[PDB]
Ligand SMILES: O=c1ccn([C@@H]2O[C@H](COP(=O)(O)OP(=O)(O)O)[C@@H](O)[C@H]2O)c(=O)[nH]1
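Below you will find one chain, with nothing else, as structure tokens; this is the form deposited without this ligand, and questions on how it binds or moves follow later.
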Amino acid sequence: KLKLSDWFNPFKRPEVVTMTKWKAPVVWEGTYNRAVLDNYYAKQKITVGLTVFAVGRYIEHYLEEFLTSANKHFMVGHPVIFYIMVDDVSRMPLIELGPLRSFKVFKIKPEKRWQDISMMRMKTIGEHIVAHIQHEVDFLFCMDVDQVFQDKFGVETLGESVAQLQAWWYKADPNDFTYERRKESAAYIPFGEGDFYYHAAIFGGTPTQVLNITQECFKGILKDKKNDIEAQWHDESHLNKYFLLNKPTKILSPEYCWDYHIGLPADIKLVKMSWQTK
């Protein structure tokens, strides 16, 4: 079947990290051959899923820009299903979708604290994987709503388990990473340990691996709540502990989730998705 050499050439980007000690690629602009992968996956007849949560008074605005840009740029050439989780179907806008795209919308019960809202996403995603997503798609991404696609985000991003490098920390020393540092938390990581600081705004994989990501994260959130502690960065702290223990089979460069408030240095060649103001 497919080997890394068929589509990935790390030597095209010599000035950045392109490979990990556990053999996973870090996908940067210039390293990938999308045409080879489009042909490969079209012969396999894949479908890709994308989950997004939109809760609160002013979300409808973020959802419109997210979905308009996703329709334009996410996995063009392949079927896609958008899964939209909302607290009031009023705030679901009408976005016209293109060929081979469709959507499903679900009402969720909103939580009181903005921290548990963010965290309880992990339970809901897993529930929907078991009930239907496992039977509908071959790969699944889970994304925050307050970001916008800017250029092609395609099949070069697919894999068994997929993590995103956080734009502010990708060149930093691991002792400076904002991991959870209390031994009492299920998310604890000691100083001198860790590979990268991953962003919780994008993660993905097969439905099987995304179920394992979300349920292990949710178990850690519950264990902490029962010991009356909340991790420094909530679900993202648990996500970073998960990916230290269960290494991702693919990593995306900060070009795939860029914050323009940093600027635009030479490492950032073509931006596929950008932060909204938070």
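Position 1 is the first residue in the sequence shown; the rest follow in order.
Another form exists, deposited with this ligand bound; not displayed. Remarks below refer to it.
Q: For the chain shown here without its partner, which stretch in 181-189, 113-121, 99-107, 67-75 has non-hydrogen atoms within 4.5 angstroms of this ligand in the deposited bound form?
A: Of the options given, it is 113-121.
Q: Counting non-hydrogen atoms within 4.5 angstroms of this ligand in the deposited bound form, say which of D144, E136, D88, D151 makes the cut.
A: Exactly one residue meets the criterion: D144.
Q: Check each of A54, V27, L50, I213 and return the one that places a heavy atom within 4.5 angstroms of this ligand in the deposited bound form.
A: So the residue touching this ligand in the deposited bound form, by this definition, is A54.
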